[PDB]
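4 protein chains.
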Amino acid sequence: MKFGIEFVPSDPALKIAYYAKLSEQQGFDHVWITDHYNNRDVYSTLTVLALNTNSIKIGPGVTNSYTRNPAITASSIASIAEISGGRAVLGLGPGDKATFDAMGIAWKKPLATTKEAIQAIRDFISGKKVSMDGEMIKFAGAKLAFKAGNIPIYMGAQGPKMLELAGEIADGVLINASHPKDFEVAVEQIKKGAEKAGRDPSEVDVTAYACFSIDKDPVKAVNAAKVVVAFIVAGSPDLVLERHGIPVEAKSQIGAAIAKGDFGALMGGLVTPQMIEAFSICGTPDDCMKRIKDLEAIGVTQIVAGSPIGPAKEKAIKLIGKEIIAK
Amino acid sequence: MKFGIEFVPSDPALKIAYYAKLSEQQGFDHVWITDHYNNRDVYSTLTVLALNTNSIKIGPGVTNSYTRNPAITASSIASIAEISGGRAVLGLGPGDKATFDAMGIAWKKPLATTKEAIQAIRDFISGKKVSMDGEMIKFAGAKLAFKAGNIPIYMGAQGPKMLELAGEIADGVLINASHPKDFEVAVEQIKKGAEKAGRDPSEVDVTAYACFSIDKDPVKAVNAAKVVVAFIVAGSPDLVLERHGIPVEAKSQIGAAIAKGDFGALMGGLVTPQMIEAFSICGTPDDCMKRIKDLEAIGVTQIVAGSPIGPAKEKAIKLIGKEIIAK
Amino acid sequence: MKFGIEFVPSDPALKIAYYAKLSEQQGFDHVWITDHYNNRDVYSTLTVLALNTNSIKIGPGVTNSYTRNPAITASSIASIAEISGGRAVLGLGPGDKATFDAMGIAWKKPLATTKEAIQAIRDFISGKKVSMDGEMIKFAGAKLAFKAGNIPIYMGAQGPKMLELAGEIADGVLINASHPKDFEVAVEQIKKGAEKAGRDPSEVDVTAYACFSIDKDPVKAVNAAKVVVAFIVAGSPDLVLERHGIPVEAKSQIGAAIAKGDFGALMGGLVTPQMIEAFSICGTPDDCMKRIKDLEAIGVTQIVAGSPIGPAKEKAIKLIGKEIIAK
Amino acid sequence: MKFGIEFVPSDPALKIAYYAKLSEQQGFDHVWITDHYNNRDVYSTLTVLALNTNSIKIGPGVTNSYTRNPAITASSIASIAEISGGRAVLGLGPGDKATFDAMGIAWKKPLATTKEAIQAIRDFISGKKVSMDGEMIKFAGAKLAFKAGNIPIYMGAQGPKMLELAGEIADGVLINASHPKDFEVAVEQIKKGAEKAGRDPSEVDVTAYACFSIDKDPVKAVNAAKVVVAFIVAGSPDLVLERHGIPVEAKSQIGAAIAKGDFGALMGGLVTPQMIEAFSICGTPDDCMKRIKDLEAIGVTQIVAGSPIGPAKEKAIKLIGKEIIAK
Ligand SMILES: C[C@H](OP(=O)(O)OC[C@@H](O)[C@@H](O)[C@@H](O)Cn1c2nc(=O)[nH]c(=O)c-2cc2ccc(O)cc21)C(=O)N[C@@H](CCC(=O)N[C@@H](CCC(=O)O)C(=O)O)C(=O)O
Ligand SMILES: C[C@H](OP(=O)(O)OC[C@@H](O)[C@@H](O)[C@@H](O)Cn1c2nc(=O)[nH]c(=O)c-2cc2ccc(O)cc21)C(=O)N[C@@H](CCC(=O)N[C@@H](CCC(=O)O)C(=O)O)C(=O)O
Ligand SMILES: C[C@H](OP(=O)(O)OC[C@@H](O)[C@@H](O)[C@@H](O)Cn1c2nc(=O)[nH]c(=O)c-2cc2ccc(O)cc21)C(=O)N[C@@H](CCC(=O)N[C@@H](CCC(=O)O)C(=O)O)C(=O)O
Ligand SMILES: C[C@H](OP(=O)(O)OC[C@@H](O)[C@@H](O)[C@@H](O)Cn1c2nc(=O)[nH]c(=O)c-2cc2ccc(O)cc21)C(=O)N[C@@H](CCC(=O)N[C@@H](CCC(=O)O)C(=O)O)C(=O)O
Ligand SMILES: [Cl-]
Ligand SMILES: [Cl-]
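So the sequences go chain by chain: A, B, C and D. Take any residue in the first sequence, note its place counting from 1, add 12, and you have its number in our numbering. Take any residue in the second sequence, note its place counting from 1, add 12, and you have its number in our numbering. Take any residue in the third sequence, note its place counting from 1, add 12, and you have its number in our numbering. Take any residue in the fourth sequence, note its place counting from 1, add 12, and you have its number in our numbering.
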């Protein structure tokens, strides 16, 4: 089992560099950095992380094909590959509608766009002169002027079609879920895509980009996760809420409280233990270990400790290293 | 007189950081970094520069509004402002047609786009929630989540209209020219724009983004600048070649030789001494000083030593520091 | 009033770099780093601080003349001056007997050694070829091979004689005290030394290297400072305890409790409010401001927030910046 | 065969960091940094190299037991081990008489001092509380307060006794020589020491710390080496000079010209081709490969490209990577 961790550039990069360094010392394999125009740049951030780490792999989790031309993304991830000595990996997703509305971006044909963008990027990184005339992406003789070395590409995917596409073209899949039921479905979609492309499905690093919260005190752990779990439930499609036996009505109820900023309600009972059990990996190290082994049995090969990671980051990272990674 | 220097990310960022540090030690005020998808990322590069410098101002010279959404540009330059302690400055231009053709980008309405992008960026950096519905740029409630501090914005401009627009909205103008005749025309355009906006024209940092080549041996200096002068002449609009008494036919002749890669012709006599005198600041420290003071008299407030800088960068940077900046 | 802050390399340098950066943003003038063989190297630590800061002054507080040959100290502080663009300042003291016993070092003639070491160091930094044949320090034609620029030298001093020597040769004095009574005596000593050397006593930056603990909640503040105050009282010479009306017997009682590790006694009443008032600057921002202005009236020109700084570092640094430095 | 490279801090650390990064990309295993009070600090330099590299091993080549108390050396190399993620290696030698004279340091019992210092350092790094009462080095309960991980220790040695001691206690030996004849003798000495200690002699990394100069043009190569070779000669014991048929007169001759600053002399005659063959590995890649394979057959396991490396460093580092390391 590979282990990764996620940091949001809502903190200065220098502070994140320390968490990433700590992760490297604790045995993590990957640190992933979110990309949203409203927080710090994903690349200046990756640059200070690369300078302050030595062996851990790093990369965006996930950037997209719309806020930056794919040639710029290729050049950027390659730059981080050079600075870090080949530890860069590219996480690309279609982007989320909310962020795009604010940016005045037309989310047009996510599927085709993403596939074309990844094809173009793989060719750039590969050193080829790129010429494309796709339904969304086009290049006429573009080419990088420095060498990239090898850069794995992971797709961010939730929907059945994106999952299938990931099995067809990605080296890994970052899935925003925490429960075995969700990965049971995801693994099948990835498998269909893998066969459709004729590649061995076990080639793809199926990873759980989970809401993670660990602590020796389980109630301290769940409390740190409630708000995040709330936002997850608020944005979960009916189909998913269904799968976990969670009243679809609870979504509106929670969306409401969030709209009103009534976090007192969220902590007060709105976030039920069922929501916590279905949308996060939390509790004591034992609780988290059990969930992790269930995911392993279903075919998950990398587990990423996503926000909040735990009540206090530094202590949680150490807990994970000592009580989990050291298996 | 302020002094700046330009570096192209066709060299690894670590090597550029040393040149930048040396420039800081030699008394330069600004280092500017070019932005082209085919070289290293302008931002990962600015990040390593920021970490290895302390007081010199830094920034892209120049990025654009098309290869990255303006919100991403705001976030990135603000990120560099945070890391460097407020030493970031933003250089924005409309971009060059050649690069955009390769990237499959429609250069649509450079003027309106650039104006709207700068208005949006100033608002982001300023901490406002941005809502726009311009003819090229739109945002719906977008807003940065961290504070930017103050970030001056410089426009890259060559054409009369861009120049006028810079006088109307920018804090400085990076003009790709080297001769007083060109700046005589540019200063008038900037002045028209400044009056059109009701601001004091002396607020804008009129800067000469020149082709610079300095050495104790003048012939070593001109030879280092010929190829660059060639590309400048090849892309100069008839109107400009005219102004310097350079046969407009020479442009085709040189464009030809460049197409065939016959640099032996370029060095052999195609680049005339007249072209060198009109499109570059080069020679010995005295020659360069004379030209610089001529530009100063015309109203130039910042001189940037652009490529090649000199036969060997390290020695040239020291020469400029010792024989020019120390006035 | 200048403001400084102290960090002990008992934390990794990367974590300290963030606190130092924060201090820079909060308006501090100096960050000082302690030097003891048992924690991280004072210089590798200053190196990562220099790379992650831009304007704040940095330096050891304080290193000494025994654990490293003075020529090495000269070279090291000059190396940090180069990397940081001239923000290095040298804090040198005679060293503490406890640390030296462990290192098997004979604390021989602190006074003469310190004076000779500082004379040699000033000459190295100044570019001179050094030749000395003092009663403790000797050099025969030694000389730095790179330029240092200017580096102020601060002496660490507690005793009347060291204080006098500081007034005679240092640019500043780091005094381990927090109460006006102690600085009343110190300022006289520094003045005697200043006159003995014929220099204007107001040239020296008289600074209070104080035990500092600030918080909106005063009791949270004093509790964070008790253990540190305990060790201060435990090591205070009878003369000093006397000056603050503190039973000299309390020193043994506290030393005992410390020996037995009975910190429950220290928190339980052993550390009296009188000890807290005489050996630390703590309480709410108002309490701290009052003490600071008392020190200012006595002639203190720099106040350093030494350990613990506050219940939690990050929050305390921000408190000091907002409720104190912004005067 | 392992490959290493040496840099002297007579250049700013930022510039060295690029050469080190390049070496990492070109396949070198080790970069070694010299330690002399007159150049930049060996540790601030190692700190910037560590931040700008990722996998290559780094360390002082070589520091000593006299200019810094061994506990400080332990703490410093441990600090670099932490920052670099365990890539630190310690090179310790007895120091050279010329540097010590200038520093006013009595070179007392190099052998016992070096052995005791290494024993103390291994114990510090190992986490032990150190107590020693040797004939040169003493400690009373000293102990590091942070964990070092593993740090190999290499000894710098030329003399037969130092070589024997290295075989007895070191993990590797950095020998200042370039010719098989010298390594034939050294390997025997190291073997005697290894048997005296009962360890397998093939445990020690016998390395040639050679004067190296490589270039497609053998003559520009040997000219780049003349100065370094001059200093190597003027410092060779007559036992050595005699070993290479070089007139023991040529040392006073060369030494004189050095004191005079007469480098024209060294370049135009005093440094003979006998001296170049005797004390350096230089010519074309083929010439260098032949010599390297000769050393390999004699038992050398690491070859370090020491100054000048080649006519121009950057090009030489690439030549070695391409035409030698890629074997
Ligand atoms: C587009 C969407 O795909 P999705 O996989 O559900 O996307 C939801 C989220 O994964 C997506 O918004 C992400 O980018 C969110 N996201 C982040 N997004 C960010 O922008 N930044 C982040 O840091 C972030 C982190 C992150 C980590 C992992 C992860 O999986 C997601 C993350 C969708 O609904 N797809 C459906 C429908 C497909 C469909 O038909 N879409 C197009 C296809 C058009 C064509 O085929 O050309 C259509 O309508 O025509 C499907 O996959 O079946
Ligand atoms: C668009 C063009 O502008 P220009 O200023 O002449 O363009 C030349 C360059 O400044 C521009 O191509 C640059 O971005 C090139 N450039 C680089 N370009 C890059 O992309 N990146 C770099 O790193 C680079 C370095 C550089 C440094 C400084 C600098 O001055 C320019 C640099 C132009 O022709 N403008 C005309 C007319 C423009 C016009 O009329 N507007 C639109 C109408 C828009 C509307 O109203 O709807 C039209 O032409 O259709 C004018 O200035 O009057
Ligand atoms: C030497 C000593 O000076 P002192 O000022 O009392 O020393 C106390 C401390 O300053 C000394 O232990 C420090 O180095 C502690 N110290 C640190 N020391 C460290 O080793 N590391 C640190 O990072 C640290 C932090 C610190 C910060 C500020 C500061 O004020 C000093 C700091 C002393 O006792 N001096 C007396 C007596 C001097 C005297 O005449 N006796 C000696 C003088 C030598 C001679 O005769 O020439 C002799 O005769 O034996 C006096 O000043 O009156
Ligand atoms: C002391 C001397 O040792 P040596 O090994 O010949 O020393 C020559 C060099 O290795 C030594 O001066 C180095 O520190 C030089 N040196 C550097 N030294 C530096 O100071 N800085 C550097 O960065 C540097 C570069 C370098 C890299 C590799 C390398 O091998 C050496 C380097 C010597 O005389 N050794 C004799 C024995 C001497 C002896 O026995 N005398 C004493 C021994 C102590 C005792 O009695 O126990 C005596 O018996 O009294 C021997 O090896 O047989
Ligand atoms: Cl910096
Ligand atoms: Cl690194």
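Note that the Cβ used here is the ideal one computed from N, Cα and C, for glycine as well.
Compute the minimum distance between the beta carbon of residue i and the heavy atoms of ligand 2, and state whether it is under 8 Å.
i	result
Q314 (chain C)	no
residue 9 (chain A)	Nothing about residue 9 (chain A) can be read from this structure; chain A reaches only from 13 to 339.
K121 (chain B)	yes
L253 (chain B)	no
Examine chain F for any beta-carbon lying closer than 9 Å to the beta-carbon of residue i, and answer yes or no.
i	result
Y166 (chain C)	Structure shown: chain F not included; protein chains present are A, B, C and D.
Could you give the C-beta distance for residue i and residue j, rounded to a whole number, given that I count them as a contact under 8 Å?
i	j	result
residue 5 (chain B)	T219 (chain B)	A query on residue 5 (chain B) cannot be resolved here, the shown segment of chain B reaching from 13 to 339 and no further.
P72 (chain C)	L102 (chain C)	7 Å
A222 (chain A)	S292 (chain A)	7 Å
Below 8 Å, is the gap between the Cβ of residue i and the nearest heavy atom of ligand 5?
i	result
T65 (chain C)	yes
May I ask whether a heavy atom of ligand 3 can be found less than 8 Å away from the beta carbon of residue i?
i	result
residue 356 (chain D)	The structure shown has nothing for residue 356 (chain D), since chain D only spans 13 to 339.
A124 (chain C)	yes
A317 (chain C)	no
Cβ of residue i versus every heavy atom of ligand 6: is any distance shorter than 8 Å?
i	result
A62 (chain A)	yes
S91 (chain D)	no
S35 (chain D)	no
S56 (chain C)	no
Between residue i and ligand 4, is there a pair consisting of the residue's CB and a ligand heavy atom that are separated by less than 8 Å?
i	result
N76 (chain D)	yes
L307 (chain D)	no
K208 (chain D)	no
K14 (chain D)	no
Does the beta-carbon of residue i, which I'm using as the reference point, lie nearer than 8 Å to any heavy atom of ligand 1?
i	result
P164 (chain A)	no
Check: Between the stretch 52-64 of chain D and chain C, which residues of the former have a C-beta closer than 8 Å to a C-beta of the latter?
Finding: Flagged, chain order: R52, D53, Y55, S56, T57, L58, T59, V60, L63.
Next item on the list: Could you name the residues of the stretch 23-56 of chain A whose beta carbon sits closer than 7 Å to any beta carbon of chain B, in the order they occur along the chain?
Entry: So the list reads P24, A25, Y49, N50, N51, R52, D53, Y55, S56, given in the order they occur along the chain.
Check: Which runs of the beta strand (DSSP E) fall wholly inside the stretch 244-328 of chain C and span at least 3 residues, in chain order?
Finding: Considered as a whole, the stretch 244-328 of chain C harbours 293-295, 314-321 as its complete beta strand (DSSP E) runs of no fewer than 3 residues, in chain order.
Next item on the list: Enumerate, from N- to C-terminal direction, the unbroken beta strand (DSSP E) stretches of 3 or more residues contained entirely within the stretch 201-245 of chain B.
Entry: Listed in chain order, they are 217-226.
Margin query: To test your reading of the DSSP string, which unbroken beta strand (DSSP E) runs of 3 or more residues are found completely within the stretch 73-117 of chain A?
Written below: The stretch 73-117 of chain A contains these whole beta strand (DSSP E) runs: 102-105.
Next item on the list: Scan the stretch 314-330 of chain C for residues whose Cβ lies nearer than 8 Å to a Cβ of chain B and list them as they occur along the chain.
Entry: Those residues of the stretch 314-330 of chain C that come within reach of chain B (Cβ to Cβ, closer than 8 Å) do not exist; the list is empty.
Check: Just checking, does the stretch 102-114 of chain C make contact with the stretch 75-90 of chain C on the three C-beta pairs under 8 Å criterion?
Finding: As far as the Cβ criterion goes, the stretch 102-114 of chain C touches the stretch 75-90 of chain C, which means the pair count is three or higher.
Margin query: Along the stretch 130-158 of chain A, where does the CB come closer than 8 Å to a CB of chain D? Name the residues.
Written below: Cβ contacts with chain D: none found.
Check: Which residues, in chain order, does the stretch 76-89 of chain B contribute to contact with chain A at a C-beta distance below 7 Å?
Finding: Answer in chain order: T79, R80, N81, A83, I84, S87, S88.
Notebook entry, point to check: At a Cβ cut of 8 Å, what residues of the stretch 109-127 of chain D count as close to chain C, listed as they run along the chain?
Noted result: If the cut-off is 8 Å between Cβ atoms, the stretch 109-127 of chain D has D113, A114, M115, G116, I117 near chain C.
Margin query: If contact is defined by three or more beta carbon pairs under 8 Å, each pair taking one atom from either stretch, is the stretch 23-33 of chain A in contact with the stretch 22-30 of chain C?
Written below: When C-beta atoms of the stretch 22-30 of chain C are compared with those of the stretch 23-33 of chain A, three or more pairs fall below 8 Å, so the two segments count as touching.
Check: Hey, which unbroken runs of the beta strand (DSSP E) at 3 residues or more fall wholly within the stretch 119-162 of chain B?
Finding: Correct list: 142-145, 150-154.
Note to self: For the stretch 55-65 of chain D against the stretch 90-100 of chain D, do three or more pairs of beta-carbon atoms, one drawn from each stretch, fall closer than 8 Å, so that the two count as touching?
What the structure shows: The answer is yes - the stretch 90-100 of chain D touches the stretch 55-65 of chain D, with three or more Cβ pairs under 8 Å.
Margin query: For the pair the stretch 314-334 of chain D and the stretch 256-272 of chain D, tell me if three or more CB-CB distances fall below 8 Å.
Written below: No, because fewer than three Cβ pairs between the stretch 314-334 of chain D and the stretch 256-272 of chain D fall closer than 8 Å, the two stretches do not touch.
Next item on the list: For the stretch 37-53 of chain C and the stretch 315-335 of chain C, state whether three or more C-beta atom pairs, one from each stretch, are separated by less than 8 Å.
Entry: The stretch 37-53 of chain C and the stretch 315-335 of chain C touch, with no fewer than 3 CB-CB distances between them shorter than 8 Å.
Next item on the list: With 8 Å as the limit, tell me which residues of the stretch 235-262 of chain B have their beta carbon closer than that to any beta carbon of chain C; keep them in chain order.
Entry: Per Cβ criterion, the list is empty.
Next item on the list: Specify whether the stretch 229-242 of chain D and the stretch 185-202 of chain D touch according to this definition: at least 3 beta carbon pairs, one from each stretch, less than 8 Å apart.
Entry: Segments in contact, no.
Next item on the list: Kindly confirm or deny that the stretch 143-154 of chain C and the stretch 165-173 of chain C touch, where touching means at least three C-beta pairs closer than 8 Å.
Entry: The stretch 143-154 of chain C and the stretch 165-173 of chain C do not touch, with fewer than 3 CB-CB distances between them shorter than 8 Å.
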